[PDB]
Structure formats: structure tokens, C-alpha cells
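[1] quick one, fold the following:
(one chain, ligands or ions: 2)
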Amino acid sequence: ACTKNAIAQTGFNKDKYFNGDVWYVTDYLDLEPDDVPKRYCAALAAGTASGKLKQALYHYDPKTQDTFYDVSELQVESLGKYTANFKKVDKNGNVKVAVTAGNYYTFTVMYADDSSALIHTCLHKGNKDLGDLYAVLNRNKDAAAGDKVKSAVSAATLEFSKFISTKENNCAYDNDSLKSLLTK
Ligand code: HEM
Ligand SMILES: [N]
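    Numbers count the residues shown, from 1 in each chain. Ligands and ions are numbered 1, 2, ... in the order given. Below you will find the coordinate block:
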């Protein structure tokens, strides 16, 4: 179960975050692990498509090869805090699992600048029991977490030393598919 009400960044700049570009997860902290593997690759694109607030997601397990993409429209709870349904899609946006009641995630942007972000997400999916997930994002897939985002981790009363890095997993991403999924 999720236990945190994450606080969105004061003065969050929504147009900069939702600019249509790709974010890569470089480090993550799951408050309920054996929630997720110890090795993982994830990325997203976020933008406004025909007036609608969207995110496309990519997950890859580099050991099992389990791969999936999702498209989400984001509903606004408050600035920097969103509730998103999701549909599972192939990389071309064809629907594999439709939007469904009970399948949604919350998404809070705790910190963001032009290059980096810290987010919280609580996933709800059927009758699974899932927990709080924090993710450090970067516009560059290879970027070590810099001082601004590491300080934000501290300011959220978390320890960056506990975050698990995705950098050793040889992650390769289809940026083109993530961007085009925003429209789907
Ligand atoms: C970037 C922020 C993230 C968001 C918004 C997000 C969101 C989601 C969503 C919406 C699903 C369900 C997809 C579907 O069934 O169609 C999902 C599944 C999953 N995610 Fe993430 N995720 C993120 C990052 C991560 C990270 C970093 C990990 C590794 C710790 C991870 C591990 C997983 C796993 C293992 C599943 C499958 C759970 C299941 O089969 O029910 N995700 N995620
Ligand atoms: N997730």
C-alpha cells in the first residue's frame, strides 16, 4: 500500500516538464520492494497533445526481457499532482489493455528543473499490493544525479544512498516511440 502524500514542487513549471521530451529514470526507491526487481529500465515522455495532458511510459526488465509501454492522460489534482489512467500499448500505440477502473497511478513532481526531476508515484493495478515509488529523472540517460536533485531528495527527508541505480543495466531506449505515443 502507499503511505505518502508527496508534496509537489513549489512553483512547479508545468510547461517545461510537459514539453513533449523524454525523461529517463536513473535511480529509484521503492518503499515496498520485492515490489519491483533490483534491475530495471524505465523512461517516459510527458507533454500536451491536442490540448490534453499526456505521459507515455516505457518499462524494460533487462534480465527477463519483459517489456511494456503505456499511454496515460493526466487529470489535475493540484499543480504538480496528477491522477493518470493507463492503457497498455505496443510501441506504435495500438491498444493491448484498455483503460480500466482500478488501473491508475498518482504522479507528483516533487522537484524539477530543465535537466532533472524527482517524482513520486503510487501505482494501483487490480488487486496487486503496491507501494510508494520515488524516481530521479534526467534528460540524459547517463547523467549521474547532480546537486540540485540530490538536495531535493534530502529535502523530502529521504536518503539518496538508499536509491537503486539503473545505470549498470545497459538500458537502451526508443525515444522516438515514446514521443509519438504522446499523441495516442
Ligand atoms: C517513471 C515512473 C514510473 C511510472 C509513472 C510507472 C508506472 C507504471 C504503470 C502505469 C504500470 C502498469 C502498466 C500496465 O500494466 O499497463 C507499471 C508497472 C510496473 N512498474 Fe512502473 N512506473 C514507473 C517506474 C518504475 C520503476 C523505476 C520500476 C522499477 C522499480 C517500475 C517497476 C514496475 C513493475 C515491475 C511493473 C509491473 C507491475 C505489474 O505487473 O502489475 N516502474 N508502472
Ligand atoms: N511502477
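
[2] for the rest of this, base every contact and every neighbour count on C-alpha atoms.
    Will do.

[3] quick one: contacts for the spatially most central residue of the chain?
    In the chain, the C-alpha nearest the mean C-alpha coordinate belongs to residue 44, at 6.0 Å (C-alpha atoms, centre = their mean). Residue 44 makes contact with 22, 23, 24, 55, 56, 57, 58, 178 under the criterion C-alpha atoms under 8 Å, 6 or more residues apart in numbering.

[4] any chance of TSV for these, columns distance to residue 135, secondary structure and neighbour count?
    Putting the contacts of residue 44 into TSV (distance: C-alpha to C-alpha, whole Å; DSSP: H, G, I helix; E, B strand; the rest coil; neighbours: other C-alpha atoms under 10 Å) gives the following:
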residue	distance to residue 135	secondary structure	neighbour count
22	14	strand	25
23	11	strand	24
24	9	strand	25
55	15	strand	25
56	16	strand	30
57	13	strand	25
58	14	strand	23
178	18	helix	28
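
[5] max pairwise distance over those: which two?
    24 and 55 (12.8 Å; C-alpha to C-alpha).

[6] tell me how many other residues crowd residue 163.
    17 (other C-alpha atoms under 10 Å).

[7] what distance do you get for it to residue 65?
    22 Å (C-alpha to C-alpha, to the nearest Å).

[8] contacts only, for the closest residue to residue 98 other than its chain neighbours.
    With C-alpha to C-alpha, 6 or more residues apart in numbering as the criterion, residue 98 has its nearest non-adjacent residue at 5.0 Å, and that residue is residue 87. In this structure, residue 87 makes contact with 70, 71, 72, 95, 96, 97, 98, 99, 100, judged by C-alpha under 8 Å, 6+ apart.

[9] in the sheet, who's paired with residue 87?
    Note on residue 87: beta-bridge partners by DSSP bridges are residue 71.

[10] give me the contact list for stretch 153-162.
    When contacts are taken as C-alpha under 8 Å, 6+ apart, the neighbours of stretch 153-162 outside the stretch itself are 29, 118, 150.

[11] near ligand 1, which residues of this structure are found?
    25, 28, 36, 40, 42-43, 70, 86-88, 105, 121, 125 (C-alpha under 6 Å from any ligand atom).

[12] which helices and strands sit right next to the host helix or strand of residue 137?
    When elements are assigned from DSSP states H and E, residue 137 belongs to strand 132-138. Helices and strands touching strand 132-138, by 3 or more C-alpha pairs under 8 Å, 6 or more residues apart in numbering; DSSP states H and E, are strand 19-30, strand 116-124.

[13] partners of that strand, with directions?
    Strands that pair with strand 132-138, judged by DSSP bridges, come out as strand 19-30 (antiparallel), strand 116-124 (antiparallel).

[14] tell me the SS of residue 149?
    Using DSSP: H, G, I helix; E, B strand; the rest coil, the structure places residue 149 in helix.

[15] in this structure it contacts residue 116, no?
    Yes - using C-alpha atoms under 8 Å, residue 149 is in contact with residue 116, at 6.6 Å.
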